[PDB]
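One chain comes next, on its own, written out as structure tokens in the form deposited in one PDB entry.
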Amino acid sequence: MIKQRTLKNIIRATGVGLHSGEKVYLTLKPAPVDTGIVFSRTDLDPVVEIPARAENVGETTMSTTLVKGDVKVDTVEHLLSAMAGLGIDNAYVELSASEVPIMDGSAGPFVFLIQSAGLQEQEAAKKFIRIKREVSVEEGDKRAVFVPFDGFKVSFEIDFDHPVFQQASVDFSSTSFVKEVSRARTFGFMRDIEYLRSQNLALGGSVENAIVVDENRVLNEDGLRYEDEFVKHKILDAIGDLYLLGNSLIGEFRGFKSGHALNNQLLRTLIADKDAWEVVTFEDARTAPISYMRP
């Protein structure tokens, strides 16, 4: 059967929050079956724990923020993307501050650390949420859509009014999340330093953790990791936001200029429409529509 997975070993990492600019220490730990992904602020006394679920998303401005009362865990999406890509069902994520570290701006450092720790299969069937009806949310010209699909696939399209320009579609049962998506970096326009550092955001942002773009070009000296890196990163963001569902998806997501707000809203509409989805397990991995890497 397709079995639940956790980490084989604990792993640690350190870095800076993109938005807050704070040094943060990160600890990923194994967790028992049906725990899901749980974030833990271990700098507070008592320790405050926020399950990574759609219901705990409190802010969606330029990142996906988990919130429980007055306590937040900011920028969960890239880490959650890495967990989903390697099929981690259960894990404690400890943090010494209010934000996941940005690392290099992509999921690469996370997938690397996870696979270094190794994966551990658990004796419980993995639960999947299967999309059985189209579910669509729109707001003005942006749209986010679930469509039934025998597998897992993400299509995205962005329309930035900028000289450097986009669309991509990836089927994750036939192409590698790691090779083709995980290295795609966070990005920001120099245009938006008015906006960002008037809202006191992106305090930790630099060329070390983001593609910086002026009116005409990428300012990073070594340029781009992929020709379509921007749209690839949006796909990475979506995978992260969709994992707040609490179970892995069988279906297709289509994004049209969507982002954190509209992705979360899709999940909330999905959850609410119980005719559009079902929980399923696979007693024989050989007949299942998706597959994962050997542990």
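In this text, the rigid core denotes the largest set of C-alpha atoms whose superposition between the two forms falls within 1.5 Å. Shifts are known only where both forms have a C-alpha. Numbering starts at 1 and runs along the sequence shown.
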* Look at the stretch from residue 165 to residue 166 and count the residues of the deposited sequence that the entry does not model, then pick none, 1 to 3, 4 to 9, or 10 or more. => 4 to 9
* On mean C-alpha B-factor from the PDB entry, just flag whether 77 to 85 or 187 to 195 is the higher one. => 187 to 195
* To do: Averaging the C-alpha B factors as listed in the entry, name the stretch that ends up higher: 282 to 290 or 268 to 276.
  => 282 to 290
* Structure fact -> From the entry's CA B-factor values, the highest among 44, 57, 31, 238 is 44
* Asked: Highest Cα B-factor in the PDB entry belongs to which of 151, 140, 109, 101?
  -> 140
* Within-chain third of residue 231 by Cα B-factor, per the entry -> lowest
* According to the PDB entry, is the CA B factor of residue 225 in the bottom, middle or top third of its chain, that is, lowest, middle or highest? -> lowest
* Asked: With respect to C-alpha B-factor, does residue 53 fall in the lowest, middle or highest third of the chain as deposited?
  -> middle
* By its CA B factor, does residue 18 count among the lowest, middle or highest third of the modelled residues in the chain? -> lowest
* By the record's CA B-factor, is residue 90 among the lowest, middle or highest third of residues in the chain? -> lowest
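Just so you know, the form deposited in another entry exists too; it's not on screen, but the next bit is about it.
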* Asked: Where does the C-alpha shift reach 2 Å or more between the shown form and the other one among 224, 97, 201, 111, given a fit on the rigid core?
  -> 201
* **Direction of the Cα shift between residue 209 and residue 194 in the other entry, where the change is 3 Å or more** => closer
* Asked: Mind listing the moving segments between the shown form and the other one, meaning three or more residues in a row, each Cα shifted 2 angstroms or more, core aligned?
  -> 193 to 195, 197 to 201
